[PDB]
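Shown next: target_15.cif, given as mmCIF, C-alpha atoms and all ligand atoms.
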data_target
loop_
_atom_site.label_atom_id
_atom_site.label_comp_id
_atom_site.auth_asym_id
_atom_site.auth_seq_id
_atom_site.Cartn_x
_atom_site.Cartn_y
_atom_site.Cartn_z
CA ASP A 1 8.90 -8.86 -19.70
CA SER A 2 6.08 -11.35 -20.61
CA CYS A 3 4.02 -10.63 -17.41
CA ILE A 4 0.18 -10.52 -17.18
CA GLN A 5 -1.34 -7.80 -14.97
CA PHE A 6 -4.38 -7.84 -12.67
CA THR A 7 -6.05 -4.46 -13.29
CA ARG A 8 -7.80 -4.13 -9.88
CA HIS A 9 -4.78 -5.25 -7.78
CA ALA A 10 -3.49 -1.81 -6.70
CA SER A 11 -7.05 -0.62 -5.81
CA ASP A 12 -7.71 -3.86 -3.83
CA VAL A 13 -4.37 -3.43 -1.96
CA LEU A 14 -5.25 0.15 -1.00
CA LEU A 15 -8.78 -0.90 0.10
CA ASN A 16 -7.22 -3.56 2.38
CA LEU A 17 -4.66 -1.07 3.78
CA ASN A 18 -7.60 1.25 4.65
CA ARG A 19 -9.41 -1.72 6.34
CA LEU A 20 -6.23 -2.33 8.44
CA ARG A 21 -6.18 1.38 9.35
CA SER A 22 -9.93 1.28 10.34
CA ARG A 23 -9.28 -1.75 12.57
CA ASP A 24 -6.02 -0.15 13.95
CA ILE A 25 -4.00 -3.14 12.70
CA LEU A 26 -0.22 -2.69 12.51
CA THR A 27 -0.48 1.14 12.65
CA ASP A 28 2.97 2.29 13.77
CA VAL A 29 2.78 6.07 14.11
CA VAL A 30 0.59 8.78 15.62
CA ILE A 31 0.47 12.10 13.75
CA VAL A 32 -0.43 14.98 16.12
CA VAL A 33 -2.14 18.05 14.55
CA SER A 34 -2.59 20.37 17.55
CA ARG A 35 -5.25 18.73 19.85
CA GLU A 36 -6.00 15.83 17.43
CA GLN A 37 -4.22 12.47 16.96
CA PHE A 38 -4.29 10.32 13.81
CA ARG A 39 -2.98 6.75 13.69
CA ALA A 40 -1.51 5.51 10.39
CA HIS A 41 1.04 3.27 8.69
CA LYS A 42 4.42 4.99 8.09
CA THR A 43 4.77 3.24 4.69
CA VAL A 44 1.45 4.58 3.36
CA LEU A 45 2.29 8.11 4.58
CA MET A 46 5.73 7.94 2.85
CA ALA A 47 4.19 6.57 -0.38
CA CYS A 48 1.77 9.57 -0.57
CA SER A 49 3.67 12.56 0.86
CA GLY A 50 7.05 14.08 0.07
CA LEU A 51 7.20 15.40 3.65
CA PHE A 52 6.60 11.95 5.26
CA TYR A 53 9.01 10.36 2.77
CA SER A 54 11.74 12.80 4.00
CA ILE A 55 10.80 12.25 7.70
CA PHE A 56 10.76 8.48 7.70
CA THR A 57 13.96 8.13 5.58
CA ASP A 58 15.83 10.18 8.20
CA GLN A 59 18.00 7.88 10.38
CA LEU A 60 16.76 9.50 13.66
CA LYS A 61 13.10 10.27 12.79
CA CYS A 62 12.34 6.85 11.22
CA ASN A 63 12.26 5.49 14.84
CA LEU A 64 9.73 7.96 16.26
CA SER A 65 6.20 6.68 17.08
CA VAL A 66 4.80 10.25 17.37
CA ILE A 67 5.22 13.09 14.83
CA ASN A 68 3.99 16.60 15.67
CA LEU A 69 2.97 18.73 12.69
CA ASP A 70 3.34 22.55 12.45
CA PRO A 71 0.65 24.27 14.67
CA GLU A 72 -0.65 26.19 11.61
CA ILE A 73 -1.92 22.90 10.10
CA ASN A 74 -5.68 22.43 10.28
CA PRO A 75 -6.75 18.98 11.70
CA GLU A 76 -9.78 18.74 9.32
CA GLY A 77 -7.50 19.45 6.31
CA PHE A 78 -5.11 16.74 7.53
CA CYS A 79 -8.02 14.28 8.11
CA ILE A 80 -9.31 14.86 4.51
CA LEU A 81 -5.81 14.23 3.12
CA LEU A 82 -5.22 11.14 5.27
CA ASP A 83 -8.55 9.71 3.94
CA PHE A 84 -7.35 10.55 0.37
CA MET A 85 -4.07 8.70 0.94
CA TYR A 86 -5.96 5.54 1.92
CA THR A 87 -8.81 5.73 -0.60
CA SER A 88 -7.86 7.94 -3.67
CA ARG A 89 -10.99 10.04 -2.86
CA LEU A 90 -10.68 13.69 -1.90
CA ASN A 91 -13.55 15.36 -0.01
CA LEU A 92 -13.00 18.83 -1.49
CA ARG A 93 -15.64 21.46 -0.58
CA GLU A 94 -15.89 25.29 -0.80
CA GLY A 95 -15.58 25.39 3.02
CA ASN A 96 -12.40 23.30 3.26
CA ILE A 97 -10.49 23.90 -0.04
CA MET A 98 -8.14 26.57 1.37
CA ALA A 99 -7.18 24.39 4.41
CA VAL A 100 -6.82 21.28 2.18
CA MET A 101 -4.57 23.12 -0.32
CA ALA A 102 -2.39 24.61 2.49
CA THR A 103 -2.07 21.14 4.12
CA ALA A 104 -1.24 19.45 0.74
CA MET A 105 1.48 22.07 0.08
CA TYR A 106 3.01 21.39 3.55
CA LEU A 107 2.73 17.57 3.08
CA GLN A 108 4.13 17.86 -0.49
CA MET A 109 1.19 16.09 -2.25
CA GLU A 110 1.64 17.67 -5.74
CA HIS A 111 -1.47 16.09 -7.41
CA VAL A 112 -3.76 17.39 -4.64
CA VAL A 113 -2.16 20.89 -4.80
CA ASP A 114 -2.82 20.80 -8.61
CA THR A 115 -6.58 19.97 -8.34
CA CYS A 116 -7.05 22.61 -5.54
CA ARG A 117 -5.38 25.31 -7.69
CA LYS A 118 -7.70 24.38 -10.64
CA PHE A 119 -10.90 24.46 -8.48
CA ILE A 120 -9.85 27.84 -6.99
CA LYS A 121 -9.09 29.28 -10.49
CA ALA A 122 -12.62 28.18 -11.67
CA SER A 123 -14.29 30.16 -8.80
CA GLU A 124 -12.39 33.41 -9.66
CA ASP B 1 -20.35 11.46 -0.79
CA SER B 2 -19.35 14.37 -3.14
CA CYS B 3 -15.64 13.27 -3.39
CA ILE B 4 -13.42 13.53 -6.53
CA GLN B 5 -11.06 10.62 -7.21
CA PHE B 6 -7.50 10.54 -8.59
CA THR B 7 -7.50 7.54 -10.96
CA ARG B 8 -3.74 6.76 -10.77
CA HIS B 9 -3.45 7.12 -6.95
CA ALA B 10 -3.60 3.42 -5.98
CA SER B 11 -1.08 2.46 -8.75
CA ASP B 12 1.28 5.33 -7.68
CA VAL B 13 1.03 4.19 -4.01
CA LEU B 14 1.93 0.60 -4.95
CA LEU B 15 4.84 1.80 -7.16
CA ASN B 16 6.21 3.79 -4.19
CA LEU B 17 5.76 0.82 -1.80
CA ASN B 18 7.80 -1.29 -4.28
CA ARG B 19 10.50 1.47 -4.38
CA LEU B 20 10.66 1.33 -0.53
CA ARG B 21 11.00 -2.48 -0.73
CA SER B 22 13.82 -2.17 -3.37
CA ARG B 23 15.68 0.29 -1.12
CA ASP B 24 14.95 -1.88 2.02
CA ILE B 25 13.14 1.07 3.66
CA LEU B 26 10.93 0.25 6.66
CA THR B 27 10.77 -3.48 5.77
CA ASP B 28 9.76 -5.18 9.03
CA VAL B 29 9.75 -8.91 8.32
CA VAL B 30 11.89 -11.62 6.72
CA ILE B 31 10.03 -14.49 5.03
CA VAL B 32 12.18 -17.65 4.93
CA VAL B 33 11.45 -20.16 2.11
CA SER B 34 13.96 -22.95 2.80
CA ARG B 35 17.48 -21.51 2.04
CA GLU B 36 16.15 -18.14 0.74
CA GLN B 37 15.17 -14.96 2.64
CA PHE B 38 12.79 -12.25 1.40
CA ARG B 39 12.37 -8.88 3.13
CA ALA B 40 8.95 -7.21 2.93
CA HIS B 41 6.41 -4.96 4.65
CA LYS B 42 3.93 -6.89 6.86
CA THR B 43 1.07 -4.57 5.77
CA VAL B 44 1.57 -5.26 2.04
CA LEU B 45 1.77 -9.03 2.69
CA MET B 46 -1.49 -8.91 4.74
CA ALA B 47 -3.24 -6.78 2.08
CA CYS B 48 -2.44 -9.42 -0.63
CA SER B 49 -2.57 -12.81 1.12
CA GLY B 50 -5.18 -14.50 3.27
CA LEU B 51 -2.39 -16.50 4.95
CA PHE B 52 -0.35 -13.38 5.93
CA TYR B 53 -3.55 -11.60 7.00
CA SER B 54 -4.22 -14.51 9.45
CA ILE B 55 -0.56 -14.58 10.64
CA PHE B 56 -0.13 -10.90 11.33
CA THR B 57 -3.57 -10.49 13.01
CA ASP B 58 -2.58 -13.19 15.52
CA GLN B 59 -1.65 -11.60 18.89
CA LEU B 60 1.59 -13.67 19.19
CA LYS B 61 2.72 -13.86 15.53
CA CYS B 62 2.16 -10.15 14.74
CA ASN B 63 5.40 -9.50 16.77
CA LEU B 64 7.67 -11.92 14.89
CA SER B 65 10.37 -10.44 12.58
CA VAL B 66 10.97 -13.84 10.86
CA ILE B 67 8.31 -16.16 9.39
CA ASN B 68 9.29 -19.62 8.10
CA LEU B 69 7.10 -21.02 5.34
CA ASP B 70 6.30 -24.74 4.79
CA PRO B 71 9.40 -26.55 3.32
CA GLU B 72 7.31 -27.71 0.31
CA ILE B 73 7.07 -24.07 -0.89
CA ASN B 74 9.26 -23.24 -3.87
CA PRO B 75 11.39 -20.04 -3.39
CA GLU B 76 11.02 -19.02 -7.09
CA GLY B 77 7.21 -19.38 -6.83
CA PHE B 78 7.25 -17.23 -3.69
CA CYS B 79 9.54 -14.62 -5.37
CA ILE B 80 7.14 -14.36 -8.39
CA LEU B 81 4.18 -13.86 -6.03
CA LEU B 82 6.00 -11.32 -3.86
CA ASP B 83 6.81 -9.31 -7.05
CA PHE B 84 3.08 -9.58 -8.02
CA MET B 85 2.03 -8.23 -4.61
CA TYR B 86 4.18 -5.13 -5.10
CA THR B 87 3.55 -4.53 -8.81
CA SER B 88 0.23 -6.20 -9.99
CA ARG B 89 2.35 -8.07 -12.61
CA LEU B 90 2.60 -11.85 -12.57
CA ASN B 91 5.53 -13.54 -14.34
CA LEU B 92 3.63 -16.70 -15.29
CA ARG B 93 5.52 -19.16 -17.56
CA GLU B 94 5.05 -22.82 -18.61
CA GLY B 95 8.09 -23.69 -16.43
CA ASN B 96 6.82 -22.04 -13.24
CA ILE B 97 2.98 -22.19 -13.41
CA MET B 98 2.62 -25.32 -11.23
CA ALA B 99 4.91 -23.87 -8.48
CA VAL B 100 3.18 -20.45 -8.71
CA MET B 101 -0.32 -22.01 -8.43
CA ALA B 102 0.74 -24.23 -5.46
CA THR B 103 2.30 -21.19 -3.71
CA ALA B 104 -0.80 -18.99 -4.39
CA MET B 105 -3.08 -21.71 -2.93
CA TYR B 106 -0.89 -21.87 0.23
CA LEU B 107 -0.74 -18.03 0.49
CA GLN B 108 -4.51 -17.77 -0.19
CA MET B 109 -4.24 -15.39 -3.21
CA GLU B 110 -7.59 -16.31 -4.90
CA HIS B 111 -7.18 -14.12 -8.06
CA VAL B 112 -3.77 -15.68 -8.83
CA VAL B 113 -5.13 -19.24 -8.25
CA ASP B 114 -7.97 -18.34 -10.70
CA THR B 115 -5.66 -17.19 -13.57
CA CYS B 116 -3.34 -20.25 -13.05
CA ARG B 117 -6.33 -22.65 -13.25
CA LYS B 118 -7.48 -20.93 -16.52
CA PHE B 119 -3.97 -21.08 -18.14
CA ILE B 120 -3.63 -24.78 -17.15
CA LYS B 121 -7.13 -25.59 -18.56
CA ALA B 122 -6.14 -23.92 -21.90
CA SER B 123 -3.05 -26.22 -22.24
CA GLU B 124 -5.13 -29.43 -21.70
CA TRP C 1 -6.14 -9.94 -16.15
CA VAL C 2 -4.63 -8.09 -19.16
CA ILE C 3 -1.47 -7.82 -21.27
CA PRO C 4 0.10 -4.64 -19.73
CA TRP D 1 -9.27 13.44 -11.43
CA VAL D 2 -12.80 12.05 -12.04
CA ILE D 3 -16.28 11.86 -10.50
CA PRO D 4 -16.16 8.29 -9.01
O1 LIG A 201 3.80 14.87 -4.33
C1 LIG A 201 4.52 13.97 -3.89
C2 LIG A 201 4.07 12.60 -3.43
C3 LIG A 201 5.36 11.94 -3.01
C4 LIG A 201 5.64 10.68 -2.51
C5 LIG A 201 6.96 10.29 -2.34
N1 LIG A 201 7.19 8.94 -2.00
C6 LIG A 201 8.22 8.14 -2.35
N2 LIG A 201 8.95 8.52 -3.41
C7 LIG A 201 9.82 7.64 -3.86
CL1 LIG A 201 10.73 8.15 -5.25
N3 LIG A 201 10.07 6.41 -3.44
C8 LIG A 201 9.29 6.01 -2.42
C9 LIG A 201 8.35 6.84 -1.86
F1 LIG A 201 7.62 6.40 -0.82
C10 LIG A 201 8.00 11.21 -2.53
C11 LIG A 201 7.72 12.50 -2.99
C12 LIG A 201 6.39 12.84 -3.24
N4 LIG A 201 5.87 14.04 -3.75
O1 LIG A 202 -7.25 -14.08 -1.83
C1 LIG A 202 -7.16 -13.37 -0.84
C2 LIG A 202 -6.39 -12.07 -0.72
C3 LIG A 202 -6.65 -11.65 0.70
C4 LIG A 202 -6.24 -10.54 1.43
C5 LIG A 202 -6.76 -10.33 2.70
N1 LIG A 202 -6.45 -9.10 3.33
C6 LIG A 202 -7.20 -8.37 4.17
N2 LIG A 202 -8.52 -8.62 4.18
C7 LIG A 202 -9.27 -7.76 4.84
CL1 LIG A 202 -10.97 -8.09 4.81
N3 LIG A 202 -8.92 -6.67 5.51
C8 LIG A 202 -7.61 -6.40 5.44
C9 LIG A 202 -6.72 -7.21 4.78
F1 LIG A 202 -5.42 -6.91 4.77
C10 LIG A 202 -7.56 -11.31 3.30
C11 LIG A 202 -7.94 -12.45 2.60
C12 LIG A 202 -7.49 -12.59 1.28
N4 LIG A 202 -7.76 -13.61 0.36
CL CL A 203 -0.97 13.88 -4.36
CL CL A 204 -4.63 -12.60 -5.68
#

If you took the structure in this file and wrote it as structure tokens, what would it be?
Ligand SMILES: O=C1Cc2cc(Nc3nc(Cl)ncc3F)ccc2N1
Ligand SMILES: O=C1Cc2cc(Nc3nc(Cl)ncc3F)ccc2N1
Ligand SMILES: [Cl-]
Ligand SMILES: [Cl-]
Amino acid sequence: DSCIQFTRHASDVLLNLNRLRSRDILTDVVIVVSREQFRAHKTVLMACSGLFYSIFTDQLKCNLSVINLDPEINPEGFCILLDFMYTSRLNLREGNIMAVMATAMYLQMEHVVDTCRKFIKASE
Amino acid sequence: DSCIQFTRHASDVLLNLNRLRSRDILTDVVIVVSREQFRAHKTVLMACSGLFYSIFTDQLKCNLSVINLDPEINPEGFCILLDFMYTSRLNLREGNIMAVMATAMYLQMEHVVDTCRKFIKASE
Amino acid sequence: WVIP
Amino acid sequence: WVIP
């Protein structure tokens, strides 16, 4: 087409979606990761994760307001990935990289799994 | 912080939100612009428009599944802006610029109003 | 704004 | 991935 494009638009949209999350505005699901609860927007979760895409496109699960993750999932790993979904920034540290990579494999976040594998390879 | 950032994340999120819109997945509102109807996600509309942000943060209006816009609003202008919200690309043409600018002023989309004003100034 |  |  003959469109013009605003370079910062996608980043500005994501920043505003994170502001809505902060302020608990229009959050429509609670993700339970053992004893912890995380509120989020189903659409953002589906846009970032192959697992949430599969869950919320299912005719029965799309209607659930609470999703319980596998008990092996680490809440801190999930929290780091949820922050990544809403900001593009990944808080990857020597002390959390294994939990983050395991969580990203479970959530089907291929770009995160890729950077974790590279950082692990560099340490070996 | 000591975060790493995935450059293409925000663009990839927006592309997936537009794919959900295309496939009518988890759309939760219908915007009526005279005889036309547009399905969308309330969160994306709020993230892009000062008017939708004000509407869906209102304790009564946040619960509505149908929003009727002012009858003076042009459906094609709205359609062009809705596509911009979901893609960052604005289909601005000599034949639609006045309707697009009027719609962007009503929707409170300051960056769009800015580029329309500049394109109009260049023609004068 | 840019030409994409 | 970059250093932001
Ligand atoms: O690593 C990843 C990240 C990821 C996100 C999605 N999300 C969606 N995919 C499509 Cl095609 N349309 C809409 C979506 F919300 C699916 C698979 C995967 N795998
Ligand atoms: O030209 C514009 C575009 C625009 C979008 C928003 N959106 C939100 N603003 C904030 Cl601070 N937090 C969350 C949001 F969804 C408000 C005002 C305006 N004015
Ligand atoms: Cl990813
Ligand atoms: Cl704008």

Using all atoms listed in the file, which residues of the polymer chains come no farther than 9 Å from ligand LIG 201 (chain A)? I'd like the answer as a JSON list (two decimals) with C-alpha atoms, in the frame of the given file.
[["chain", "number", "residue", "atom", "x", "y", "z"],
["A", 43, "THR", "CA", 4.77, 3.24, 4.69],
["A", 44, "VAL", "CA", 1.45, 4.58, 3.36],
["A", 45, "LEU", "CA", 2.29, 8.11, 4.58],
["A", 46, "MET", "CA", 5.73, 7.94, 2.85],
["A", 47, "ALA", "CA", 4.19, 6.57, -0.38],
["A", 48, "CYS", "CA", 1.77, 9.57, -0.57],
["A", 49, "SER", "CA", 3.67, 12.56, 0.86],
["A", 50, "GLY", "CA", 7.05, 14.08, 0.07],
["A", 51, "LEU", "CA", 7.20, 15.40, 3.65],
["A", 52, "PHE", "CA", 6.60, 11.95, 5.26],
["A", 53, "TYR", "CA", 9.01, 10.36, 2.77],
["A", 54, "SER", "CA", 11.74, 12.80, 4.00],
["A", 104, "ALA", "CA", -1.24, 19.45, 0.74],
["A", 105, "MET", "CA", 1.48, 22.07, 0.08],
["A", 107, "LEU", "CA", 2.73, 17.57, 3.08],
["A", 108, "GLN", "CA", 4.13, 17.86, -0.49],
["A", 109, "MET", "CA", 1.19, 16.09, -2.25],
["A", 110, "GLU", "CA", 1.64, 17.67, -5.74],
["A", 111, "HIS", "CA", -1.47, 16.09, -7.41],
["A", 112, "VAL", "CA", -3.76, 17.39, -4.64],
["A", 113, "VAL", "CA", -2.16, 20.89, -4.80],
["B", 12, "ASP", "CA", 1.28, 5.33, -7.68],
["B", 13, "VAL", "CA", 1.03, 4.19, -4.01],
["B", 15, "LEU", "CA", 4.84, 1.80, -7.16],
["B", 16, "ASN", "CA", 6.21, 3.79, -4.19],
["B", 17, "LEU", "CA", 5.76, 0.82, -1.80],
["B", 18, "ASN", "CA", 7.80, -1.29, -4.28],
["B", 19, "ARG", "CA", 10.50, 1.47, -4.38],
["B", 20, "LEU", "CA", 10.66, 1.33, -0.53],
["B", 21, "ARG", "CA", 11.00, -2.48, -0.73],
["B", 23, "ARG", "CA", 15.68, 0.29, -1.12],
["B", 25, "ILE", "CA", 13.14, 1.07, 3.66]]

Can you move chain B onto chain A by a least-squares fit over all C-alpha atoms paired in order, then give me the moved copy as an mmCIF file with C-alpha atoms, keeping the file's coordinate frame?
data_model
loop_
_atom_site.group_PDB
_atom_site.id
_atom_site.type_symbol
_atom_site.label_atom_id
_atom_site.label_comp_id
_atom_site.auth_asym_id
_atom_site.auth_seq_id
_atom_site.Cartn_x
_atom_site.Cartn_y
_atom_site.Cartn_z
ATOM 1 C CA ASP B 1 8.897 -8.856 -19.709
ATOM 2 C CA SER B 2 6.079 -11.353 -20.613
ATOM 3 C CA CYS B 3 4.020 -10.628 -17.408
ATOM 4 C CA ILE B 4 0.174 -10.519 -17.178
ATOM 5 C CA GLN B 5 -1.338 -7.801 -14.981
ATOM 6 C CA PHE B 6 -4.377 -7.840 -12.669
ATOM 7 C CA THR B 7 -6.050 -4.459 -13.294
ATOM 8 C CA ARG B 8 -7.800 -4.136 -9.885
ATOM 9 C CA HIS B 9 -4.779 -5.249 -7.778
ATOM 10 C CA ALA B 10 -3.488 -1.808 -6.706
ATOM 11 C CA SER B 11 -7.051 -0.611 -5.804
ATOM 12 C CA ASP B 12 -7.709 -3.868 -3.826
ATOM 13 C CA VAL B 13 -4.367 -3.431 -1.962
ATOM 14 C CA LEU B 14 -5.251 0.155 -0.994
ATOM 15 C CA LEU B 15 -8.781 -0.904 0.107
ATOM 16 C CA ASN B 16 -7.222 -3.560 2.381
ATOM 17 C CA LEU B 17 -4.655 -1.071 3.779
ATOM 18 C CA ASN B 18 -7.597 1.244 4.644
ATOM 19 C CA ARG B 19 -9.408 -1.718 6.337
ATOM 20 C CA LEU B 20 -6.239 -2.335 8.446
ATOM 21 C CA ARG B 21 -6.180 1.385 9.359
ATOM 22 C CA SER B 22 -9.929 1.286 10.337
ATOM 23 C CA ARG B 23 -9.285 -1.743 12.569
ATOM 24 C CA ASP B 24 -6.025 -0.149 13.958
ATOM 25 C CA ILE B 25 -4.001 -3.147 12.701
ATOM 26 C CA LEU B 26 -0.218 -2.685 12.516
ATOM 27 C CA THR B 27 -0.483 1.142 12.644
ATOM 28 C CA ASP B 28 2.976 2.285 13.768
ATOM 29 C CA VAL B 29 2.782 6.061 14.114
ATOM 30 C CA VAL B 30 0.592 8.783 15.623
ATOM 31 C CA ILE B 31 0.463 12.105 13.753
ATOM 32 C CA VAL B 32 -0.423 14.978 16.115
ATOM 33 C CA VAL B 33 -2.140 18.044 14.555
ATOM 34 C CA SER B 34 -2.592 20.366 17.549
ATOM 35 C CA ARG B 35 -5.251 18.731 19.850
ATOM 36 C CA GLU B 36 -6.000 15.833 17.429
ATOM 37 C CA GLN B 37 -4.222 12.472 16.958
ATOM 38 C CA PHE B 38 -4.293 10.319 13.810
ATOM 39 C CA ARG B 39 -2.975 6.745 13.688
ATOM 40 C CA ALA B 40 -1.509 5.519 10.390
ATOM 41 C CA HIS B 41 1.044 3.266 8.693
ATOM 42 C CA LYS B 42 4.423 4.991 8.094
ATOM 43 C CA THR B 43 4.775 3.242 4.693
ATOM 44 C CA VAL B 44 1.446 4.575 3.359
ATOM 45 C CA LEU B 45 2.289 8.108 4.577
ATOM 46 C CA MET B 46 5.729 7.947 2.848
ATOM 47 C CA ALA B 47 4.191 6.564 -0.376
ATOM 48 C CA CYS B 48 1.770 9.573 -0.569
ATOM 49 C CA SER B 49 3.673 12.560 0.855
ATOM 50 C CA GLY B 50 7.045 14.076 0.070
ATOM 51 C CA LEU B 51 7.194 15.408 3.649
ATOM 52 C CA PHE B 52 6.603 11.959 5.264
ATOM 53 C CA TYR B 53 9.009 10.359 2.773
ATOM 54 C CA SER B 54 11.736 12.801 4.005
ATOM 55 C CA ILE B 55 10.805 12.251 7.699
ATOM 56 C CA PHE B 56 10.764 8.483 7.706
ATOM 57 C CA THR B 57 13.957 8.129 5.584
ATOM 58 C CA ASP B 58 15.832 10.177 8.202
ATOM 59 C CA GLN B 59 18.004 7.882 10.385
ATOM 60 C CA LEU B 60 16.760 9.498 13.658
ATOM 61 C CA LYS B 61 13.103 10.263 12.794
ATOM 62 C CA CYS B 62 12.339 6.854 11.214
ATOM 63 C CA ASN B 63 12.259 5.486 14.842
ATOM 64 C CA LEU B 64 9.733 7.964 16.263
ATOM 65 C CA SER B 65 6.201 6.673 17.083
ATOM 66 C CA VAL B 66 4.799 10.255 17.368
ATOM 67 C CA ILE B 67 5.221 13.084 14.830
ATOM 68 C CA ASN B 68 3.986 16.602 15.664
ATOM 69 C CA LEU B 69 2.974 18.730 12.694
ATOM 70 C CA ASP B 70 3.333 22.550 12.454
ATOM 71 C CA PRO B 71 0.647 24.266 14.664
ATOM 72 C CA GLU B 72 -0.653 26.197 11.606
ATOM 73 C CA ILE B 73 -1.925 22.901 10.101
ATOM 74 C CA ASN B 74 -5.681 22.427 10.277
ATOM 75 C CA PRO B 75 -6.748 18.985 11.700
ATOM 76 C CA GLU B 76 -9.773 18.737 9.322
ATOM 77 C CA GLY B 77 -7.497 19.446 6.317
ATOM 78 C CA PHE B 78 -5.106 16.743 7.528
ATOM 79 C CA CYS B 79 -8.012 14.273 8.106
ATOM 80 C CA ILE B 80 -9.308 14.854 4.509
ATOM 81 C CA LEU B 81 -5.807 14.230 3.118
ATOM 82 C CA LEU B 82 -5.218 11.143 5.260
ATOM 83 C CA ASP B 83 -8.546 9.705 3.944
ATOM 84 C CA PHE B 84 -7.356 10.553 0.367
ATOM 85 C CA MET B 85 -4.075 8.695 0.950
ATOM 86 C CA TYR B 86 -5.958 5.535 1.918
ATOM 87 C CA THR B 87 -8.809 5.726 -0.603
ATOM 88 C CA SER B 88 -7.863 7.936 -3.673
ATOM 89 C CA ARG B 89 -10.991 10.035 -2.857
ATOM 90 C CA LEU B 90 -10.686 13.689 -1.904
ATOM 91 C CA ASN B 91 -13.548 15.363 -0.011
ATOM 92 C CA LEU B 92 -13.002 18.831 -1.485
ATOM 93 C CA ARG B 93 -15.650 21.464 -0.573
ATOM 94 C CA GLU B 94 -15.893 25.286 -0.800
ATOM 95 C CA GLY B 95 -15.578 25.393 3.026
ATOM 96 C CA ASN B 96 -12.398 23.309 3.256
ATOM 97 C CA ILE B 97 -10.489 23.898 -0.032
ATOM 98 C CA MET B 98 -8.130 26.573 1.367
ATOM 99 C CA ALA B 99 -7.186 24.388 4.407
ATOM 100 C CA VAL B 100 -6.828 21.280 2.181
ATOM 101 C CA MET B 101 -4.570 23.122 -0.323
ATOM 102 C CA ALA B 102 -2.396 24.607 2.495
ATOM 103 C CA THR B 103 -2.076 21.140 4.111
ATOM 104 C CA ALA B 104 -1.240 19.454 0.739
ATOM 105 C CA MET B 105 1.487 22.072 0.079
ATOM 106 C CA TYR B 106 3.002 21.390 3.550
ATOM 107 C CA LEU B 107 2.731 17.578 3.074
ATOM 108 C CA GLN B 108 4.129 17.857 -0.491
ATOM 109 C CA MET B 109 1.191 16.083 -2.247
ATOM 110 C CA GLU B 110 1.644 17.662 -5.743
ATOM 111 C CA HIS B 111 -1.466 16.086 -7.416
ATOM 112 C CA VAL B 112 -3.754 17.391 -4.638
ATOM 113 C CA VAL B 113 -2.165 20.899 -4.808
ATOM 114 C CA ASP B 114 -2.817 20.793 -8.608
ATOM 115 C CA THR B 115 -6.579 19.973 -8.337
ATOM 116 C CA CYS B 116 -7.044 22.611 -5.537
ATOM 117 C CA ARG B 117 -5.371 25.310 -7.694
ATOM 118 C CA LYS B 118 -7.696 24.380 -10.645
ATOM 119 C CA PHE B 119 -10.903 24.462 -8.483
ATOM 120 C CA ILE B 120 -9.855 27.846 -6.988
ATOM 121 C CA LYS B 121 -9.099 29.280 -10.491
ATOM 122 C CA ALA B 122 -12.612 28.184 -11.667
ATOM 123 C CA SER B 123 -14.290 30.163 -8.799
ATOM 124 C CA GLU B 124 -12.391 33.414 -9.662
#

Using all atoms listed in the file, which chain A residues lie at most 12 Å away from chain D, written as a ChimeraX atom specification? /A:87-92,111-112,114-116,118-119

Pick out the closest residue to ligand LIG 202 (chain A) from this set: A:22, A:63, A:68, A:123. Count only C-alpha atoms and all ligand atoms.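 Residue with the minimum atom-to-atom distance to ligand LIG 202 (chain A): A:22.
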
Record the distance separating atom CA of residue 81 of chain A and atom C1 of ligand LIG 202 (chain A), expressed in Å with one decimal. 27.9 Å

I'd like the contact shell of residue 97 of chain B - 9 Å cut-off, only C-alpha atoms, skipping same-chain residues fewer than 2 positions apart - returned as a compact mmCIF listing (two decimals) with C-alpha atoms, keeping the file's coordinate frame.
# COMPACT_ATOMS: atom_id res chain seq x y z
CA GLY B 77 7.21 -19.38 -6.83
CA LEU B 92 3.63 -16.70 -15.29
CA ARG B 93 5.52 -19.16 -17.56
CA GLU B 94 5.05 -22.82 -18.61
CA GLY B 95 8.09 -23.69 -16.43
CA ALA B 99 4.91 -23.87 -8.48
CA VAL B 100 3.18 -20.45 -8.71
CA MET B 101 -0.32 -22.01 -8.43
CA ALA B 102 0.74 -24.23 -5.46
CA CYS B 116 -3.34 -20.25 -13.05
CA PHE B 119 -3.97 -21.08 -18.14
CA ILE B 120 -3.63 -24.78 -17.15

Which polymer residues have any atom within 9 Å of an atom of residue 40 of chain A, counting only C-alpha atoms, with same-chain residues fewer than 4 positions away left out, as a VMD selection string? chain A and resid 21 24 26 to 31 44 to 45 82

Among the residues A:60, A:67, A:73, A:14, the one that comes closest to ligand LIG 202 (chain A) [using only C-alpha atoms and all ligand atoms]: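 Of all the options, A:14 lies closest to ligand LIG 202 (chain A).
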
Using all atoms listed in the file, I'd like a table of the residues in chain B that come within 12 Å of ligand CL 203 (chain A); for each, show the closest atom pair and its distance in Å rounded to one decimal, ordered by chain and ascending number, as a Markdown table.
| residue | atom | partner | partner_atom | distance |
| --- | --- | --- | --- | --- |
| B:5 | CA | A:CL203 | CL | 11.0 |
| B:6 | CA | A:CL203 | CL | 8.5 |
| B:7 | CA | A:CL203 | CL | 11.2 |
| B:8 | CA | A:CL203 | CL | 10.0 |
| B:9 | CA | A:CL203 | CL | 7.7 |
| B:10 | CA | A:CL203 | CL | 10.9 |
| B:12 | CA | A:CL203 | CL | 9.4 |
| B:13 | CA | A:CL203 | CL | 9.9 |

Mind writing the picked residues with C-alpha atoms as a compact mmCIF listing (two decimals), keeping the file's coordinate frame?
# COMPACT_ATOMS: atom_id res chain seq x y z
CA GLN B 5 -11.06 10.62 -7.21
CA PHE B 6 -7.50 10.54 -8.59
CA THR B 7 -7.50 7.54 -10.96
CA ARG B 8 -3.74 6.76 -10.77
CA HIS B 9 -3.45 7.12 -6.95
CA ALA B 10 -3.60 3.42 -5.98
CA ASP B 12 1.28 5.33 -7.68
CA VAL B 13 1.03 4.19 -4.01
